[PDB]
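Here's the structure we're looking at; comments come further down.
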Amino acid sequence: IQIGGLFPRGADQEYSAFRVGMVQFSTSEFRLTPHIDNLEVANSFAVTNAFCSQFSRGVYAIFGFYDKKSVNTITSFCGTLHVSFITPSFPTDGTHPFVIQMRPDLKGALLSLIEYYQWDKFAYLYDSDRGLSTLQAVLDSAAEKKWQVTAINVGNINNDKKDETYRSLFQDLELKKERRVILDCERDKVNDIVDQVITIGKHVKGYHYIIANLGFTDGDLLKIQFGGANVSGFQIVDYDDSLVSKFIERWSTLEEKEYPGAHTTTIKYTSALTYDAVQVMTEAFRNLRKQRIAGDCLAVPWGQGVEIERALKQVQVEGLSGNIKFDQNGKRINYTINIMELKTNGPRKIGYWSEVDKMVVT
Amino acid sequence: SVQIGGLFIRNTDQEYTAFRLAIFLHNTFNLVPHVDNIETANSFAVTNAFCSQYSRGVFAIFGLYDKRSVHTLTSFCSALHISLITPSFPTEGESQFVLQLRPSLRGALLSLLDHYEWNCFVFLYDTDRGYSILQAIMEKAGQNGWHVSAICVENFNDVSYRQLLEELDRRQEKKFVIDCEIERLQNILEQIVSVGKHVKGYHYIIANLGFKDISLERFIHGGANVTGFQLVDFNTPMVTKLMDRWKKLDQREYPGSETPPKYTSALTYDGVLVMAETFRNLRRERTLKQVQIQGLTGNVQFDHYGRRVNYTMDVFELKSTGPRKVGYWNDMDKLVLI
Ligand SMILES: *[C@@H]1O[C@H](CO)[C@@H](O)[C@H](O)[C@H]1NC(C)=O
C-alpha cells in the first residue's frame, strides 16, 4: 500500500498533523508509504508534474491541497484516471466525481445566523482568492429576501498601503452609517482586519462582527475581547469532548524540534481535517482487506476504480470534526457546526447548525 | 589617573551602557571606573557597596537610587565629604555634596494645567519618585478650588485596571494626568486602548521627559489629544555626531545604537561631561557647583543647592501627522507659545 501527497509550501502544521496521524493509527497488518511532495498549489505546471510523478509509480490514492486556480486541473486529471483524491480544501461546486471532500460547507449556516439575528442592510467584505462561491449565494438570498448588501473587495491589496486601505474602508463605512459587517477571510487577513478595527476603534458597544471562517478559537480574540462590541462565530472542533481532550493531552507533549508546533492548546481546523483524513483512509483500506479484495499521465483506467472509490466513499466513522459519512458525490452529509459568541469571558456555546433542523438555540 | 566610582541597580542596563560609552569615548587624565552593580536596591547592599568604593579610594561617585535607599546614600555622602552626582529624582530641602541632574517637572506641569484651564480631572500616580508631585498638585487644587481624584496604581493588575477604568468611565471625567514609571506608563497605555478610549474626546497629559521615547502610533491614528514634554533636542549636530559614532561601535557591548537616546542616557552623559569638566578645572564641592556646560539636554548650570537652573524644555502635542512642537517652558519666562 502506497499513499502519496501534494502538500503545499508555507504549511507545516498540516504536515506535522499528518505525521502524528501516521504514528497514532498504528497498523501492524499493513503499512502505507507517504512519499510526500511540496510545491506551490497556485502554479498549475508544478501540480501537473507532481501528479504525473505520483501516478508513474502506481500510487493507490493521493492526498493534497489546492486553491481556486488549480482545482479544475486536479478534477480533470482524476476524472480520466479514476484515481481518488482526498482533499480537506474548500468544497467544489457541482458534481465532480472521485474527489472526496472533508470540509463542511459554510453556506447555509451564515444564512441561518443572519436570520436568527433579524437584520437588513448589512455590509459584506469578501476576498477574491477563496472564490466567488459564497458572495454569489449572499447576493441571491438578498435579492430573494429584499436585503441590501454593500460588498467590499478586501485582498489584492499592496502591503505598503494595506494599513491605509483597510483603515479607509472602515472610515468610508462610517460615512454610510453601517454598523454590521461580515468578515470572511483566512486567518492572516482577518487578524490584520481586526487589528486595524481596534486601531480605529469600533470595538465599543454598537458594532457586531461575525467571523465566517469556521475556527473562531485561533484568531487571537484576546485583543478584541474585553470591549463593548459583539463577536460571533462558527466552530467545527469542540474542545471539551472525550476524543478532543485525549488528543490535546498528547498534543502538547511532543516538541517542535521533531514535530513542528504541538505546544499550543488550540489547533487549526485544516490540521484536524488532515488528521481525520488519515484515519478515514486507513479504515477505508482496512474495510477492503476485510472484504478480501500504469504508464505515463499523457498516454486507460487502472485496475480498481470502483473498488477503491465506492469503498472510500461508503465510510462511517467518528472523529474530532464529528460524524464522518460521505454521500454519493463525496461531500459531508451528517455534520454539525457549533455556534459560539465572545463575551467578557471566553467563547460560549449558543447552539448548533445541522441539516436535519435549520437552526437550534440552546 | 583619576579614580571615579560607579553605582548602578537592576533594570537600568541602558544607564550602565551610557556610562561606559561616555567613559570610553572621553578617555579615547584617564578615568578609572569602580563599577559595582547591585541587584536589589536596599539600604544594606547600597551601604556595603559604598563602603567598598570608599575603602578602595574614590573622589566622586556616580550612582542611582530609589525611594528607599536615597536617605542613606545622601547621608553618607554628606558625612564623608564625597561628592555624589546622580540623575535620579530630585529631593527637597537643604542638601550638600549631592548634585542632581534631572530637572523638576513641577513648574512645567503646573503651567500646562494652568494653560488648559482645567477644573476637574483624574490623577494617576505612583510613589516610586517621592510625594513631591502629588503634594504640589494637592496644594494647587486646594488653593484654586479644583476637583482632583488621585488614585494609586502601584499594586494593580489587568482586571483591577480595567474595572477602575470602567468605573471612572461611569463618572464623567474625560481628562487624565498620568505620572508613573516607563513600564507602568506602557501598561497604562496598552490597557487604555483595549477598553476603547483612544478616541477623540479625551486629553491625556504624559508627565515625564520621554514623550518621544514611547510609541504613540495607536493614539496618532485614534486622534485622542495627548500632550507631553521633551528635554533632549534631536536637531543639534552634537547629538547626531554622538549617535552616529554610537552606530560605528559594535552592538555586542553597547546596545541601543539604533534609537535616539532617552532622557536618562542624556542625563548620565551630561553628568559625566560635568564631572570631567570639574576635574579639568580643578587641575588649574565649590568648584563642582560652578560648572556651566552645553550638554545634550541644553544648558547645564547649578545653584548653591545643586538644583538645575536656566534649563529649557519643549512641549509637544500629538497630531495626525505625529508629534508637533507647540512651545517651550523656561524658569525665567514661564511658558512661551508659538
Ligand atoms: C449585541 O448583542 C446584544 C445581545 O444579543 C443585542 O441586543 C445587541 O443589539 C447587539 N449589538 C449589535 C450592535 O448588534
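How things are named: the first chain in the C-alpha cells is A, the next is B, and so on; residues count from 1 in each chain; ligands count from 1 in the order shown.
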**OP:** Starting from chain A, keep only residues with some atom at most 7 Å from an atom of chain B, counting only C-alpha atoms, and report them as a PyMOL selection string.
**Re:** chain A and resi 199-201+203-204+223+226-227
Mind writing the picked residues with C-alpha atoms as a tab-separated table (two decimals), in the first residue's frame?
```tsv
chain	number	residue	atom	x	y	z
A	199	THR	CA	-6.67	50.78	15.74
A	200	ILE	CA	-9.59	52.91	14.53
A	201	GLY	CA	-11.76	51.81	17.46
A	203	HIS	CA	-14.72	47.68	19.41
A	204	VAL	CA	-17.06	49.67	21.68
A	223	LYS	CA	-7.28	41.76	21.53
A	226	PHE	CA	-12.80	42.93	26.96
A	227	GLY	CA	-14.66	45.54	24.92
```
**OP:** Counting only C-alpha atoms and all ligand atoms, name the residues that have an atom within 6 Å of an atom of ligand 1; the answer should be given as a list in words.
**Re:** residues 206, 207, 208 and 230 of chain A
Subject >> Contacts of stretch 185-190 of chain B at 9 Å (only C-alpha atoms; same-chain gap of 5+ positions) as number ranges by chain >> reply: B: 158, 161, 178-180, 206, 214-216
**OP:** Can you work out which one of A:239, A:119, A:234, A:60 has the shortest atom-to-atom distance to residue A:210, counting only C-alpha atoms?
**Re:** A:234
Subject >> 7 Å contact set for residue A:102, only C-alpha atoms, chain neighbours under 2 positions out, as an MDAnalysis selection string >> reply: chainID A and resid 87:88 100 104 273 331:332
**OP:** Go through B:228, B:131, B:304, B:22 and flag the residue nearest residue B:109, using only C-alpha atoms for the distances.
**Re:**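 Among the listed residues, B:228 lies closest to residue B:109.
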Original post:
Could you name the residues that touch stretch 251-257 of chain B at 9 Å or less, counting only C-alpha atoms, but leaving out those on the same chain fewer than 3 positions away, as a PyMOL selection string?
Top reply: chain B and resi 14+17-18+20-21+243-248+260-261
Subject >> Separation of atom CA of residue B:103 from atom CA of residue B:316, in Å and rounded to one decimal >> reply: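 Between atom CA of residue B:103 and atom CA of residue B:316 the gap works out to 17.5 Å.
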Subject >> Two-atom distance - atom CA of residue A:288, atom CA of residue A:315 (Å) >> reply: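 Between atom CA of residue A:288 and atom CA of residue A:315 the gap is 11.1 Å.
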**OP:** Could you give me the residues within stretch 147-225 of chain A that DSSP places in helix (DSSP H, G or I), as a list in words?
**Re:**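 Result set for stretch 147-225 of chain A (helix (DSSP H, G or I)): residues 162, 163, 164, 165, 166, 167, 168, 169, 170, 171, 172, 173, 174, 175, 187, 188, 189, 190, 191, 192, 193, 194, 195, 196, 197, 198, 199 and 200 of chain A.
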Just write the chosen residues, N, CA and C atoms, as a tab-separated table (two decimals), in the first residue's frame.
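This is the output file again_8.tsv:
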```tsv
chain	number	residue	atom	x	y	z
A	162	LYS	N	-1.52	48.57	2.81
A	162	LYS	CA	-2.56	47.70	3.35
A	162	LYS	C	-3.23	48.33	4.56
A	163	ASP	N	-2.43	48.90	5.46
A	163	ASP	CA	-2.98	49.56	6.64
A	163	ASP	C	-3.88	50.72	6.23
A	164	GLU	N	-3.40	51.56	5.31
A	164	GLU	CA	-4.16	52.72	4.88
A	164	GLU	C	-5.46	52.31	4.20
A	165	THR	N	-5.40	51.31	3.32
A	165	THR	CA	-6.60	50.86	2.61
A	165	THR	C	-7.62	50.27	3.57
A	166	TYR	N	-7.16	49.39	4.47
A	166	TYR	CA	-8.07	48.78	5.43
A	166	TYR	C	-8.70	49.83	6.35
A	167	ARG	N	-7.91	50.81	6.78
A	167	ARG	CA	-8.44	51.90	7.59
A	167	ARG	C	-9.46	52.73	6.81
A	168	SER	N	-9.17	52.99	5.53
A	168	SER	CA	-10.06	53.81	4.72
A	168	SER	C	-11.39	53.10	4.47
A	169	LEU	N	-11.37	51.77	4.39
A	169	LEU	CA	-12.63	51.04	4.25
A	169	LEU	C	-13.57	51.33	5.41
A	170	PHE	N	-13.07	51.22	6.64
A	170	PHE	CA	-13.90	51.48	7.81
A	170	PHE	C	-14.28	52.95	7.90
A	171	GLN	N	-13.35	53.84	7.51
A	171	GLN	CA	-13.67	55.27	7.51
A	171	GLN	C	-14.81	55.58	6.54
A	172	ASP	N	-14.81	54.93	5.38
A	172	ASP	CA	-15.88	55.14	4.41
A	172	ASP	C	-17.20	54.55	4.89
A	173	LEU	N	-17.14	53.36	5.51
A	173	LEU	CA	-18.36	52.76	6.04
A	173	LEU	C	-18.94	53.59	7.18
A	174	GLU	N	-18.09	54.34	7.89
A	174	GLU	CA	-18.58	55.25	8.91
A	174	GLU	C	-19.47	56.33	8.30
A	175	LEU	N	-19.14	56.77	7.08
A	175	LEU	CA	-19.93	57.80	6.42
A	175	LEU	C	-21.32	57.29	6.06
A	187	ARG	N	-7.06	33.32	8.19
A	187	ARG	CA	-6.62	33.81	9.49
A	187	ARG	C	-5.68	35.01	9.36
A	188	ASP	N	-4.74	34.94	8.42
A	188	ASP	CA	-3.77	36.02	8.24
A	188	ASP	C	-4.46	37.33	7.89
A	189	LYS	N	-5.46	37.28	7.00
A	189	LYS	CA	-6.16	38.51	6.63
A	189	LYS	C	-7.03	39.02	7.77
A	190	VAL	N	-7.81	38.14	8.40
A	190	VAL	CA	-8.78	38.59	9.39
A	190	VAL	C	-8.07	39.15	10.61
A	191	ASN	N	-6.89	38.60	10.94
A	191	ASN	CA	-6.10	39.17	12.04
A	191	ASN	C	-5.74	40.62	11.76
A	192	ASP	N	-5.26	40.91	10.55
A	192	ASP	CA	-4.92	42.27	10.17
A	192	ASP	C	-6.16	43.16	10.18
A	193	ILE	N	-7.28	42.64	9.67
A	193	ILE	CA	-8.51	43.43	9.63
A	193	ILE	C	-8.98	43.81	11.03
A	194	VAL	N	-8.99	42.85	11.96
A	194	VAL	CA	-9.44	43.17	13.32
A	194	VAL	C	-8.43	44.08	14.02
A	195	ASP	N	-7.14	43.91	13.71
A	195	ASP	CA	-6.13	44.80	14.28
A	195	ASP	C	-6.40	46.24	13.85
A	196	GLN	N	-6.68	46.45	12.56
A	196	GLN	CA	-6.98	47.80	12.08
A	196	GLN	C	-8.30	48.31	12.64
A	197	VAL	N	-9.29	47.42	12.80
A	197	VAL	CA	-10.52	47.79	13.50
A	197	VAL	C	-10.19	48.41	14.85
A	198	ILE	N	-9.46	47.67	15.69
A	198	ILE	CA	-9.10	48.14	17.02
A	198	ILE	C	-8.30	49.44	16.93
A	199	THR	N	-7.44	49.55	15.92
A	199	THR	CA	-6.67	50.78	15.74
A	199	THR	C	-7.59	51.99	15.56
A	200	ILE	N	-8.58	51.87	14.67
A	200	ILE	CA	-9.59	52.91	14.53
A	200	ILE	C	-10.52	53.00	15.74
```
Subject >> Residues within 6 Å of stretch 291-299 of chain B, only C-alpha atoms, excluding chain neighbours under 4 positions, as a ChimeraX atom specification >> reply: /B:231-232,266,270,311
Can you spit out the residues from that selection as a short mmCIF file (atom, residue, chain, number, x, y, z; two decimals), in the first residue's frame, using N, CA, C and O atoms?
```cif
data_model
loop_
_atom_site.label_atom_id
_atom_site.label_comp_id
_atom_site.auth_asym_id
_atom_site.auth_seq_id
_atom_site.Cartn_x
_atom_site.Cartn_y
_atom_site.Cartn_z
N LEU B 231 12.98 67.01 26.61
CA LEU B 231 14.18 67.71 27.07
C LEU B 231 15.35 67.58 26.11
O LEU B 231 16.13 68.53 25.96
N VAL B 232 15.50 66.43 25.47
CA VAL B 232 16.61 66.18 24.55
C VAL B 232 16.25 66.74 23.18
O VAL B 232 15.17 66.48 22.65
N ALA B 266 20.90 60.72 28.23
CA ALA B 266 21.42 62.07 28.08
C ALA B 266 21.83 62.65 29.43
O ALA B 266 22.85 63.35 29.53
N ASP B 270 25.58 63.85 30.32
CA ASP B 270 25.83 65.21 30.79
C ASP B 270 26.52 65.21 32.14
O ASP B 270 27.39 66.05 32.40
N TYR B 311 17.29 76.10 32.40
CA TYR B 311 17.04 74.94 31.55
C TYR B 311 15.76 75.14 30.75
O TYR B 311 14.76 75.65 31.26
#
```
**OP:** Record the distance separating atom CA of residue B:174 and atom CA of residue B:121, expressed in Å with one decimal.
**Re:**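 Interatomic distance here is 7.3 Å.
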